[PDB]
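Geometric and topological summary
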Amino acid sequence: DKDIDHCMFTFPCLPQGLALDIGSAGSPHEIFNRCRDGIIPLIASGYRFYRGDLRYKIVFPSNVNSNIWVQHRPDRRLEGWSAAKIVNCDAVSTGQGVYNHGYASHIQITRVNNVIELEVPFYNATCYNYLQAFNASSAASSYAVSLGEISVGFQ
Amino acid sequence: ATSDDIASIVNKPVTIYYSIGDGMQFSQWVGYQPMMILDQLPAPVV
Amino acid sequence: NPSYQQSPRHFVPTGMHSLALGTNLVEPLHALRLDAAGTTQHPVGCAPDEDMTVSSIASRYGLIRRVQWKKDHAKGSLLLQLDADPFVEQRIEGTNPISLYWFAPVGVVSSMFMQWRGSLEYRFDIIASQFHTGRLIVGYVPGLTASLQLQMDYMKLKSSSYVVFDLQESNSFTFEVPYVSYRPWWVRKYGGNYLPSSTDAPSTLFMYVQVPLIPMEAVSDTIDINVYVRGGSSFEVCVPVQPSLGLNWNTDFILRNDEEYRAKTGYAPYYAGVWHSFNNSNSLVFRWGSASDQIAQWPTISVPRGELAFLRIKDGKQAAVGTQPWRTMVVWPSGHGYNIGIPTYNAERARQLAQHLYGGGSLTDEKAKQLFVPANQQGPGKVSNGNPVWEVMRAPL
Amino acid sequence: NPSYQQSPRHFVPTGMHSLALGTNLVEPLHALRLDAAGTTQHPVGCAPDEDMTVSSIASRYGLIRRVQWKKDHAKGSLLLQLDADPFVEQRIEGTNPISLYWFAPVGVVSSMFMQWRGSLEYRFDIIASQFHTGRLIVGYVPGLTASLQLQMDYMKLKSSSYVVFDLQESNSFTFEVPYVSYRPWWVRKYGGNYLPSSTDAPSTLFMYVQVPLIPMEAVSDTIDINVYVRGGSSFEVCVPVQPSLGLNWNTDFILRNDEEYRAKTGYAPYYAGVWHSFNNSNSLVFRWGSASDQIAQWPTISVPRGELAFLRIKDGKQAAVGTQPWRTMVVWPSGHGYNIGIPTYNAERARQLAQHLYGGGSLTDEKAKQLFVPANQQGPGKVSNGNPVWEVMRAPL
Amino acid sequence: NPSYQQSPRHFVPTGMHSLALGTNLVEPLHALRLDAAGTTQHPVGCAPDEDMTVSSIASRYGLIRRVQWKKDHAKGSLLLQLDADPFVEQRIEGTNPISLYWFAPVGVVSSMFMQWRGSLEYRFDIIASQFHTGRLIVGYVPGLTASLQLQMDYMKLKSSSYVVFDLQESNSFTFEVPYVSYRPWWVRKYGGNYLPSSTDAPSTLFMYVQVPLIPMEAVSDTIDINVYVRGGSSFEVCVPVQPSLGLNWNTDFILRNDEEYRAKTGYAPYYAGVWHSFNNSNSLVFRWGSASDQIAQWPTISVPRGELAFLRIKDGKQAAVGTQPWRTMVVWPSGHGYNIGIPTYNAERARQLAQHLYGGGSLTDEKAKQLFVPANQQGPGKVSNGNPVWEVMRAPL
Amino acid sequence: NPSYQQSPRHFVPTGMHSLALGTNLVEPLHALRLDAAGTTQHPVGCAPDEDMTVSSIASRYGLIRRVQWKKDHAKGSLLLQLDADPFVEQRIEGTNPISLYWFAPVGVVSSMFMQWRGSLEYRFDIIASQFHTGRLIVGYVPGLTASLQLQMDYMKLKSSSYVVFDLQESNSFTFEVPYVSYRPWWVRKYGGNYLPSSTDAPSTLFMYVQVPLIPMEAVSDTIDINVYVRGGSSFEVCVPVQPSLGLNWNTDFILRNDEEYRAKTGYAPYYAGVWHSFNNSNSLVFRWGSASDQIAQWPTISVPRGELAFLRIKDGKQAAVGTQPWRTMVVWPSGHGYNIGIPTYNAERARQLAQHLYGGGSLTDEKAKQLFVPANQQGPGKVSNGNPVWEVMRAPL
């Protein structure tokens with residue numbers, strides 16, 4: 001039973017592309033099942049490091065009217081290629097599940113226009129991040145992949 | 001739309017328009033195929 | 001962050017850029033092109049030779065008439081009297097219910113425009129050996145209403161503008177038809193399928209034989225004469241409206257006769273199925289959609305008092321599929337302000353239910369509810385193919 | 001406050017900036033950056049060495065074929081005939097149902113684009129000691145349809161473009177494949193998973209042995225030959241479309257066979273629960289949401305007349321949790337235009353209710369309502385894991 | 001009025017100006033100021049002395065540690081080993097469940113930022129009379145993981161960077177801690193309440209006693225040593241994120257233990273009242289609003305089979321007021337997909353209704369409806385204070 | 001038509017131009033003027049003589065006090081001690097429940113503003129023949145709290161700022177009250193009807209008689225003294241807020257005592273009428289609108305247990321008209337979460353229905369339904385005049 005503050009879902013934001021999600025055998029996401037991967041991940045396949053921004057333009061459902069906030073969370077480490085995917089957050093237990101003060105954020109009004117557009121910036125203490133699939137060798141290698149860890153949440 | 005919402009969409013009209021977009025350039029001349037005059041088309045008949 | 005406290009512009013939204021405008025007007029778009037400065041280009045061998053223009057099309061002859069011209073035509077004989085408007089005509093003797101017509105290029109490019117003006121040009125190729133000789137008038141009478149279209153003869157024609165020609169050695173000319181009318185432009189002869197607002201032609205051409213053909217015995221008694229039409233030097237058109245012409249790419253046409261019966265537009269395709277407001281879902285009724293309260297509506301049958309009616313589809317293939325195809329139906333008001341259609345097993349049950357509903361009975365009645373098809377018969381629930389025609393069976397009550 | 005009485009601009013809203021455009025076009029954003037003039041920067045040791053470009057990728061060899069070349073190959077012997085398009089291939093002999101393929105870098109960077117043109121370059125590393133000697137043709141035949149792909153031999157090959165090479169001391173060369181086609185560009189050999197619109201290659205490479213290898217006794221009878229592919233100097237591609245290639249990062253794939261039965265998309269996860277329009281909330285039915293009127297819809301089972309069907313989940317772990325896992329169900333129309341699924345205690349009760357509903361019975365009937373599971377059994381009401389497959393049990397009526 | 005026929009701009013709406021951006025960016029507002037050019041001003045005696053800046057705050061010492069230093073410390077003795085990151089610490093020995101901590105100003109201003117780098121500066125005030133004499137190492141070991149945090153002694157410390165100091169006359173110094181790490185910046189030691197993503201410190205400070213203190217008999221055996229922390233000249237921080245610190249202005253905190261039972265969020269405050277879909281308005285049920293169909297929803301109680309449960313509020317003051325406070329309740333599904341809570345007279349009636357509903361009974365049953373509280377008992381209908389906790393009474397069936 | 005492919009501006013809508021701003025700010029409008037460049041103009045004889053300004057209003061005396069000054073006032077006697085803030089006062093001895101007050105123009109123009117500062121000026125017209133002679137202090141004490149407002153006498157006054165004056169020939173002066181306070185501005189003495197945030201005056205004026213008046217026998221024993229107030233040269237005000245003053249144009253006021261009973265705001269005017277959810281439209285209930293489900297809601301009557309209540313309007317003229325005016329009513333919850341009001345024939349039937357509903361009865365009960373007024377009584381259905389007060393009749397059960 002979500003409150004005003006709970007994030008509805010959170011995903012790491014990286015050029016490599018999310019680990020491909022065909023979906024369950026009963027209910028495939030037909031595009032990734034069929035139109036495998038894409039262009040940008042296909043070229044991200046061709047290089048070993050990257051250093052730059054990303055843009056997102058999330059397209060929310062139309063029928064809903066409710067306001068929508070979007071955190072960016074540079075702090076978060078990606079933790080292996082597993083769980084490099086969109087996550088439906090459950091009950092609050094850490095600060096992961098809620099709106100946070102310092103983190104850069106933005107709040108689309110779904111009623112006015114239901115597609116918030118973004119500019120995830122490059123915040124890492126690194127020369128440049130990993131770009132292929134990532135299994136996390138170093139514990140500090142985990143800061144070396146995702147630009148952050150965006151979190152969308154309805155109010 | 002998910003299938004739950006797709007029911008609103010059924011049998012709703014979607015008209016489409018088009019125009020040749022400035023850059024268009026037809027080439028070789030070719031005479032018109034036979035026309036069919038429109039005012040001569042049959043009436044609905046009461 | 002200085003604050004920007006001054007008052008905002010106050011603009012009025014519109015949903016759409018102009019459809020009519022098409023010249024001095026930048027028109028913004030969501031290009032599906034990659035580069036935003038990209039635009040289609042023409043490599044030097046792909047260059048557009050033809051400068052599309054109303055005049056470049058109007059200035060092309062197309063054969064429009066083919067007069068025969070026999071030796072035994074006396075001096076008075078008519079050869080043609082085609083109207084002096086671009087819409088000169090040559091019907092094809094086709095088998096089609098809606099006959100196609102040839103047009104001059106000027107006769108097609110000018111059908112798109114409400115108004116025209118200026119000279120036409122009828123080239124006449126009088127096809128003859130140089131040993132043929134003859135002479136013919138090619139007159140032009142301004143202001144002939146169709147009642148005056150008759151009573152013509154070459155001598156009345158000579159009173160107004162005309163052009164004599166002498167077939168001997170040169171065997172072709174090009175009469176240039178004058179634009180004489182009280183109206184600075186002239187309205188289209190035809191129109192979008194709408195008979196009123198179809199003004200007839202300004203004036204009429206004529207081509208009588210001023211001196212009858214005089215062939216040698218060793219050459220043919222008959223001479224062909226081709227009449228070609230071309231937009232003149234001053235031919236010009238203005239207002240764009242619906243073309244009065246359609247391409248022959250598809251000559252199918254569909255009469256809207258009211259005698260056949262069919263579901264209201266937008267309520268088909270339909271399939272037999274349950275609905276909670278009717279017989280508590282126990283019995284079938286047609287539906288145009290899976291969602292609740294989406295029953296197909298039906299036109300009210302015109303039943304004279306003392307009679308009854310029930311439906312039977314003309315084609316059993318197009319009926320919506322249940323356990324059996326549903327070729328039979330009884331249309332009755334639902335009490336929700338629209339006429340639901342109730343599928344039945346057969347023409348007999350349909351006739352019985354029809355006897356009941358026009359018999360002072362009602363849908364709630366037990367005698368009727370027995371006749372309704374039970375829900376289990378719904379089957380796969382395939383939709384009817386399009387919106388199939390229903391023949392209206394009728395019987396005395 | 002002067003008033004500003006003049007008419008406002010008249011603009012048309014759109015919901016979104018262009019997705020396709022990606023060049024000469026400023027693209028406004030809600031930056032999550034702090035400074036509004038900030039932009040990512042590259043410290044001098046973090047500078048981008050690689051200038052990403054289609055040509056910078058195309059101009060890199062990748063091994064694409066490995067011909068063996070034995071002494072006992074007679075003068076006519078074929079070694080390979082790979083197509084003269086970038087999509088040259090080398091399948092991996094994997095155990096996977098969907099086999100992976102190696103590509104040249106040109107063969108991957110060119111899969112993203114609808115069209116290509118220009119020369120390819122096949123380097124041939126003929127791996128041999130200088131004491132090996134031999135000679136081989138590396139021909140190119142324009143315009144070979146696959147039926148003509150056979151009937152080839154080196155002598156027909158000599159008629160068209162080809163290149164003889166003499167393995168002796170230098171043991172490598174780089175045949176530069178010509179672009180010969182009637183089409184200024186050339187369409188992709190493959191495509192997004194859509195077989196039509198997959199044009200086959202413009203022309204074919206060949207590499208016959210013009211003079212058979214002649215090894216010394218103290219060196220090997222066989223010579224390896226590596227075939228590397230590289231985009232030529234003039235290789236170039238235009239239109240961007242769906243890549244015909246997918247990464248091996250995840251080779252899972254899911255057939256959409258219709259034989260298994262499952263809830264309609266967007267109506268799962270579902271859990272057993274009460275609903276007021278059904279048996280007055282007394283009995284269970286699946287729900288995809290806590291809010292009212294959110295029953296899961298189900299596909300219509302295709303039951304031939306005289307038979308019956310009821311569901312049984314393939315995995316009992318994925319069934320929605322009540323007091324007991326719900327492995328059994330009877331799908332029947334709700335009378336609201338969609339097929340509700342009714343959970344049951346066991347295969348037997350499900351078979352009985354199935355005997356009733358196809359038996360001319362209805363949901364309102366007492367004999368059926370006894371078979372429905374009472375609301376108290378709802379339990380925790382855990383959702384089913386995803387949208388689990390339901391095997392369709394079938395029995396004669 | 002010339003008409004303005006040209007096409008309108010095509011812009012995309014957004015609901016809100018950027019929240020993140022905060023620099024080179026004019027930010028438009030609906031000022032509540034009167035004058036639109038007005039802006040706050042500072043009269044000459046009200047001028048802002050302090051230039052707020054991360055460096056102006058970082059460059060201020062705050063006492064962070066207070067080492068005691070007795071005469072009988074042998075030459076090897078440790079005095080402290082605080083980590084070489086700004087987040088140096090000094091816990092208060094408070095009675096609070098969640099203990100407060102002192103921080104250096106650098107330790108608070110740097111908690112707001114994800115990353116830091118550069119030198120720290122530990123001033124050491126060795127508080128002694130000039131007649132005290134001694135010597136102490138103040139070393140710095142790069143790259144000590146916490147497992148290596150032990151095994152240290154001053155002699156291993158001497159191998160890496162360190163600074164000897166001679167307490168005699170001058171009795172203070174300022175060791176300037178180096179930034180040695182492989183990472184150009186360094187991530188925060190703590191974090192918003194989220195334990196993973198809490199990197200431990202780059203390196204560790206140490207302060208062993210190189211030559212033990214040698215006091216005169218007439219002066220104290222013990223010397224205090226104050227350790228102050230200050231952001232160094234090169235200390236600097238970048239990315240802004242959630243502070244890992246909270247003010248002590250309110251140290252209240254609320255565990256979200258699931259064991260206590262309460263109405264779903266957004267469905268409280270609630271009051272007893274009538275509702276038409278339940279027992280035809282005859283009986284009470286909780287409501288979060290006066291408008292129709294606004295019944296409070298309740299979490300599903302986890303009842304193992306063969307048992308039953310009914311609610312009892314921990315505080316009778318917070319119960320919604322009827323004719324009597326409603327301390328007792330039975331939560332049952334409404335058949336509308338959500339669990340309504342039914343107030344009862346007492347624990348006994350609640351236990352009985354609980355025996356019925358888990359007893360295979362239903363809300364419509366006469367034996368249950370007798371147990372429901374009649375509408376007349378609604379009284380003033382005062383709302384419950386906030387969303388009060390409900391203890392879950394449990395009994396065997 | 002070049003296409004305009006570049007990205008559109010990204011603006012954020014707001015519904016309304018700023019209400020607060022009112023200076024350096026163009027404010028766009030839909031003028032109802034004809035010409036769009038038109039603006040009101042002032043013909044030379046219609047020119048605005050008065051430059052409206054806070055200072056131009058503040059710089060006008062208005063009589064504010066009228067001291068009497070008798071011969072027999074000893075040297076110590078007080079004449080007035082009005083506060084040194086613009087809000088100096090002179091109550092009218094009216095009969096009104098809410099008494100009107102005179103103000104100086106500075107006392108009205110300064111009520112509109114939260115804060116004021118600077119000198120006031122009290123002109124004193126000591127109205128006397130030149131043959132009258134006397135002397136009086138006109139002191140000013142900074143910082144007198146109201147407890148210190150007493151204990152004053154002219155001699156304590158002399159310690160602080162004051163001004164002696166000698167009435168002899170010139171018979172008027174103008175003491176200019178100093179602004180002495182620790183606060184650069186000073187907050188309003190009153191406020192919008194909200195007692196807290198009503199700071200009392202900075203300091204107090206005084207006017208003791210330093211030397212008692214000494215009239216000739218042939219002239220009057222008493223001298224009038226007029227006290228006029230004017231904003232000083234430096235008087236100035238800043239923040240605009242609600243005036244603490246209202247015009248006497250309408251001195252009506254309406255207490256919101258809760259003791260009288262009335263329909264909820266926005267649910268009146270109401271008229272008796274049918275409604276389908278109540279007694280199946282057979283019986284009357286009040287309605288605020290013709291559309292369905294628009295029953296008037298009513299406040300819950302506070303009935304202590306063991307008693308009952310029913311309504312009776314204070315004025316029978318204002319009752320909604322049926323066949324008879326509806327002066328009697330029984331308010332009971334509708335089961336839709338709001339309290340419907342049920343009109344009755346008389347106080348007796350209302351008392352009976354009240355005995356039933358608080359008697360454990362319900363609306364559905366036959367004994368109650370007999371008491372409801374049948375629909376035929378609806379009559380013209382005239383609305384009640386406004387939202388008329390209902391006296392609450394109360395009886396023991």
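Here every chain is numbered from 1 following its written sequence, which may not line up with the entry's numbers; residues without coordinates are dropped from view. Just so you know, chain letters begin at A and ligand numbers begin at 1, following the order they were written in. Within a larger assembly, only the chains shown are considered here, and all values are given for them alone. No hydrogens and no water enter the side-chain calculation; it runs on all heavy atoms of the structure.

Method of determination for the deposited model, per the PDB record: cryo-EM, at 3.5 Å resolution.

The name given to chain C in the PDB entry is VP3, with Deformed wing virus as the source organism. The record lists the entry's title as "Structure of deformed wing virus, a honeybee pathogen".

Chain B appears in the PDB entry as VP1 from Deformed wing virus.

1. Some thoughts on the overall build of chain C
Note the following rule: Labels follow the DSSP assignment, with helices taken as runs of H or I lasting at least four residues and strands as runs of E lasting at least two, numbered in each case from the N terminus. Here the radius of gyration uses the C-alpha set of atoms, whereas the globule reference equals 2.2 Å times the residue count to the power 0.38. For the exposure calls, accessible area comes from a 1.4 Å probe over protein chains only, and a residue counts as buried if that area is under 20% of its type's maximum, exposed if over 50%, partly exposed in between. We call two residues in contact when some of their heavy atoms are within 4.5 Å. The Shrake-Rupley method, run with a 1.4 Å probe sphere, supplies the accessible areas, and residue values consider only the shown protein chains as cover.
A count of helical and extended segments in chain C gives five helices and 22 strands. On C-alpha atoms alone, chain C measures out to a radius of gyration of 34 Å, which is more than a quarter above the 21 Å that the 2.2 N^0.38 rule sets for 397 residues. If you line up chain C on its principal axes, its C-alpha atoms span 95 × 85 × 45 Å. With 397 residues in all, chain C has 44% of them scored as buried. Residue pairs in contact within chain C that sit at least 24 positions apart in sequence constitute 75% of those at least 6 positions apart. Carbon and sulfur atoms provide 52% of the accessible area of chain C, an area that totals close to 20,500 Å².

2. Overview of the interface of chain A and chain D
Often, the extent of an interface is quoted as the loss of accessible area upon association of its parts. Stated formally: Summed over both partners, the accessible surface that disappears when two parts come together, traced with a 1.4 Å probe, is what is meant by buried area. Any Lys or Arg side-chain nitrogen located within 4 Å of an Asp or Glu carboxyl oxygen qualifies as a salt bridge. Residue polarity is assigned by list, with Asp, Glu, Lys and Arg as charged and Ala, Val, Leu, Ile, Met, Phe, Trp, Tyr, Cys and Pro as nonpolar; anything else, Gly included, falls into the polar class. DSSP-based pairing: two strands are paired if at least 2 bridges between them are found.
Contacts between the two partners involve 47 residues from chain A and, on the opposite side, 42 residues from chain D. The contact between chain A and chain D buries some 3,800 Å² in all, and 60% of this surface belongs to carbon and sulfur atoms. Where chain A packs against chain D, one counts four salt bridges. One salt bridge connects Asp53(A) with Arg33(D), and the closest N-O pair in it is separated by 3.1 Å. Elements with a minimum of two residues in the side of chain A that touches chain D: α1 (30-34), α2 (40-44), β4 (105-108) and β5 (118-119) of chain A. Looking at the side of chain A that touches chain D residue by residue, the classes come out as 23 nonpolar, 14 polar and ten charged. Relative to strand β2 (residues 30-31) of chain D, β5(A) runs parallel, the two being bridged by two bridges.

3. As for the side chain of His17(F)
Mapped onto the elements of the fold, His17(F) is located in the loop between β1 (3-4) and β2 (27-28). Those residues in contact with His17(F) that lie beyond four places of it in its chain are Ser7(C), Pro8(C), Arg9(C), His10(C) and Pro28(F).

4. Details of the nonpolar core
What counts here: Buried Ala, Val, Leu, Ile, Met, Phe, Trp, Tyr and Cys residues that are joined via side-chain atoms within 4.5 Å together make up what is termed a nonpolar core.
Counting 43 residues, the largest nonpolar core has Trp69(D), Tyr122(D), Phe124(D), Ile126(D), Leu205(D), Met207(D) and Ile225(D) as its most contacted members. What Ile126(D) contacts, discounting residues up to four positions off in sequence, is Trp69(D), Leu136(D), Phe165(D), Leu167(D), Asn171(D), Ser172(D), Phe173(D), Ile223(D), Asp224(D) and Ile225(D). The next biggest cluster of nonpolar side chains, apart from the first, holds 40 residues, and it includes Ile64(C), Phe113(C), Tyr140(C) and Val177(C).

5. Quick look at the domain arrangement of chain C
Formally: The domain boundaries here were taken from an automatic or database domain assignment.
Split by domain assignment, chain C resolves into domain 1 (1-251) and domain 2 (252-397). On a C-alpha basis, the centroid separation for the pair domain 1 of chain C and domain 2 of chain C is 53 Å.

6. A look at the sheet that holds strand β3 (residues 68-71) of chain A
All names here are of chain A. Here is the rule we go by: For helices, the axis comes from a line fit to the C-alpha atoms of the stretch in contact; other axes are also lines fit to C-alpha atoms, and the angle between any two N-to-C directions lies between 0 and 180 degrees.
Read across the open sheet, the four strands follow the order β1-β7-β3-β4; overall the sheet is antiparallel. Pairing within the sheet leaves two strands with one partner each, and these edge strands are β1 (9-11) and β4. Averaged over all adjacent pairs, the angle separating strand axes in this sheet is 15°, with direction ignored. Pairing geometry for β3 and β4, over four bridges, is antiparallel. Counted as the bridge partner of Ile68 is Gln108 from β4.

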